[PDB]
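S.K.: One structure is given below, represented as C-alpha cells, and several questions about it will come after.
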Amino acid sequence: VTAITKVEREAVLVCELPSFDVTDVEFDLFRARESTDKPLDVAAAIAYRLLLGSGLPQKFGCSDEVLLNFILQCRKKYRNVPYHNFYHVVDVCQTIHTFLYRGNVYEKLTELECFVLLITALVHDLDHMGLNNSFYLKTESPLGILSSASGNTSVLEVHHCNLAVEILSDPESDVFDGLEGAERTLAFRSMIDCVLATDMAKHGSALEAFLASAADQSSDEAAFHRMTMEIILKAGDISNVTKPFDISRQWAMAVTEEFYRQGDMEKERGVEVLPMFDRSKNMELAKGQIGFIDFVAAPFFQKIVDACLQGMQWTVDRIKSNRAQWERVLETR
Ligand SMILES: [Mg+2]
Ligand SMILES: [Zn+2]
C-alpha cells in the first residue's frame with residue numbers, strides 16, 4: 001500500500017477538537033463532524049486522541065507517527081456508504097474506550113488486550129460496500145463463490161481481516177511492530193477472532209459462549225479473556241441504541257438508508273428483498289428501533305452486564321430510556 005505523507009498527517013494534527021470530551025459516554029460524533037468542513041480529519045483526530053489518551057501505544061513501542069499512519073491507512077480503505085464508513089469505526093472505537101474505562105471492563109483484560117481492542121475497532125469493517133454477507137451469497141458474486149468454496153460464510157469479515165493484515169505488514173503503519181513472540185501472535189489472533197465474531201449470524205452463539213464462560217469460575221482464563229474481547233467489540237458494533245436518543249436516531253437513519261440501497265440493488269439483480277431492506281414498504285423508524293431493542297440489544301446488554309460487566313449498567317439504562325422515548329413517538333402519532 002501507498003505510504004502516508006507528512007501533509008496527510010499534518011491535516012489531522014491541526015484538528016484541536018474544542019468543546020469535545022472524546023472519553024465521555026455522551027460524546028456526539030455527528031456534532032463533531034458538522035463542526036468543520038474536514039470531517040474525515042476530525043474523525044482521524046478523535047481516533048488518534050483516544051489511542052494516545054489511553055497511554056497504551058507508548059507502552060507497546062508504537063510511536064505517535066506509526067499510530068497516525070495506521071489510522072490514515074485504515075481511513076483510505078473505508079468507502080462513501082451511508083453507515084459502514086469511517087465514522088462508524090471511529091464511533092465503535094470511541095464507544096469501546098467508554099466500555100473499557102467508564103465501564104471498568106479494562107479490569108478484566110491485559111493492557112495489550114485493551115490496546116488490541118481499540119485498534120481492532122478501526123479495522124473491523126475495512127472496505128465495506130454497504131452490502132451484507134447475504135447479498136454476495138444470494139447473487140453468487142465472486143467473493144460469495146470463494147467463501148462458499150472455501151467453507152466460510154463470513155464473506156465480509158474475512159475480507160476485513162485480509163485488509164487489516166495488509167495494513168499491518170508495512171512497518172510504517174504496524175501498530176504491533178513493537179511486540180515480539182507470544183504477544184505479537186496474541187495481538188494478531190485476538191484482532192482476527194474479534195473481527196470474525198462481529199458477523200451477526202454468530203450473534204447467539206458468541207453471546208451464549210461468553211455467558212457460559214463468565215458463569216464458570218473454572219473457565220480457561222485465556223479463553224475468557226478472548227471472549228470478553230469478542231463481546232466488547234460486538235457490544236461496540238450494536239451500541240447505537242445505547243447513545244443519547246438523538247445520536248441513536250441519526251445512526252438508525254444512516255443504517256436504514258444503507259439497507260434500502262442494498263434492497264434497490266437486489267431488485268435490479270432480480271433476487272429476493274427482505275421487508276427491512278425494501279423502501280416501498282416501511283413507514284415506521286420507531287417500531288424498528290423498539291423491535292431491535294426488544295429482540296437483540298436489550299437482552300444482550302442486560303445479560304452481559306448481569307453476568308459480568310456491572311460497570312456498563314448505563315447501557316441498559318439508556319436502552320430503557322430510548323425505548324420509552326420511541327413508545328412516546330408511537331403514543332403521540
Ligand atoms: Mg462488520
Ligand atoms: Zn461495524
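Just remember, in the C-alpha cells the first chain shown is A, the second B, etc., residues are 1-based per chain, and ligands are 1-based in the order shown.
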Set the cut-off to 12 Å, count only C-alpha atoms and all ligand atoms, and list whatever residues fall near ligand 1 as a PyMOL selection string.

M.R.: chain A and resi 78+83-86+88-89+92+120-133+154-161+194-202+233-234+236-238

S.K.: For residue 304 of chain A, list every protein, DNA or RNA residue within 10 Å, evaluated using only C-alpha atoms, and leave out those in the same chain fewer than 2 positions away; present the list as a PyMOL selection string.

M.R.: chain A and resi 207-208+210-211+214+228+231-232+235+299-302+306-310+312-313

S.K.: Can you pull out the residues contacting residue 21 of chain A? Cut-off 12 Å, using only C-alpha atoms, and skip same-chain residues under 2 positions away; I want them as a PDB file with C-alpha atoms, in the first residue's frame.

M.R.:
ATOM      1  CA  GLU A  16      -7.870  20.597  18.053  1.00  0.00           C
ATOM      2  CA  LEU A  17     -11.368  19.342  18.995  1.00  0.00           C
ATOM      3  CA  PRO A  18     -12.524  22.316  21.122  1.00  0.00           C
ATOM      4  CA  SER A  19     -15.670  21.671  23.262  1.00  0.00           C
ATOM      5  CA  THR A  23     -13.744   9.887  26.580  1.00  0.00           C
ATOM      6  CA  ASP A  24     -17.344  10.751  27.533  1.00  0.00           C
ATOM      7  CA  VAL A  25     -20.376   8.479  27.138  1.00  0.00           C
ATOM      8  CA  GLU A  26     -22.398  11.495  25.823  1.00  0.00           C
ATOM      9  CA  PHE A  27     -19.805  12.381  23.187  1.00  0.00           C
ATOM     10  CA  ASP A  28     -21.518  13.258  19.899  1.00  0.00           C
ATOM     11  CA  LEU A  29     -19.644  12.242  16.744  1.00  0.00           C
ATOM     12  CA  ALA A  32     -18.055  16.728  15.773  1.00  0.00           C
ATOM     13  CA  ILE A  46     -10.712  11.636  17.530  1.00  0.00           C
ATOM     14  CA  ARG A  49      -6.544  11.213  20.769  1.00  0.00           C
ATOM     15  CA  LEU A  50      -8.442   8.203  22.091  1.00  0.00           C
ATOM     16  CA  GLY A  53      -5.053   9.264  25.866  1.00  0.00           C
ATOM     17  CA  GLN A  94     -14.793   5.642  20.979  1.00  0.00           C
ATOM     18  CA  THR A  98     -16.034   4.130  27.197  1.00  0.00           C
TER      19      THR A  98
END

S.K.: Which residues, written as number ranges by chain, have at least one atom at most 12 Å from residue 223 of chain A, with only C-alpha atoms counted and residues fewer than 6 positions away on the same chain left out?

M.R.: A: 109, 186, 190, 193, 209-210, 212-214, 216, 229-230

S.K.: Using only C-alpha atoms, pick whichever of A:330, A:319, A:245, A:45 has the shortest atom-to-atom distance to residue 283 of chain A.

M.R.: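 Using only C-alpha atoms, residue 283 of chain A sits closest to A:330.
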
S.K.: I'd like the contact shell of residue 67 of chain A - 9 Å cut-off, only C-alpha atoms, skipping same-chain residues fewer than 4 positions apart - returned as number ranges by chain.

M.R.: A: 48, 51-52, 57, 62-63, 71-72, 172-175

S.K.: With only C-alpha atoms as the counted atoms, please give the residues lying no more than 10 Å from residue 11 of chain A, apart from itself and same-chain residues fewer than 5 positions off, as a PyMOL selection string.

M.R.: chain A and resi 6+38+40-42+44-45

S.K.: Per DSSP on the backbone, filter segment 224-277 of chain A down to the residues in alpha helix (DSSP H) and report them as a PyMOL selection string.

M.R.: chain A and resi 224-237+245-269

S.K.: What's the separation between atom CA of residue 187 of chain A and atom CA of residue 165 of chain A, in Å to one decimal place?

M.R.: 11.3 Å
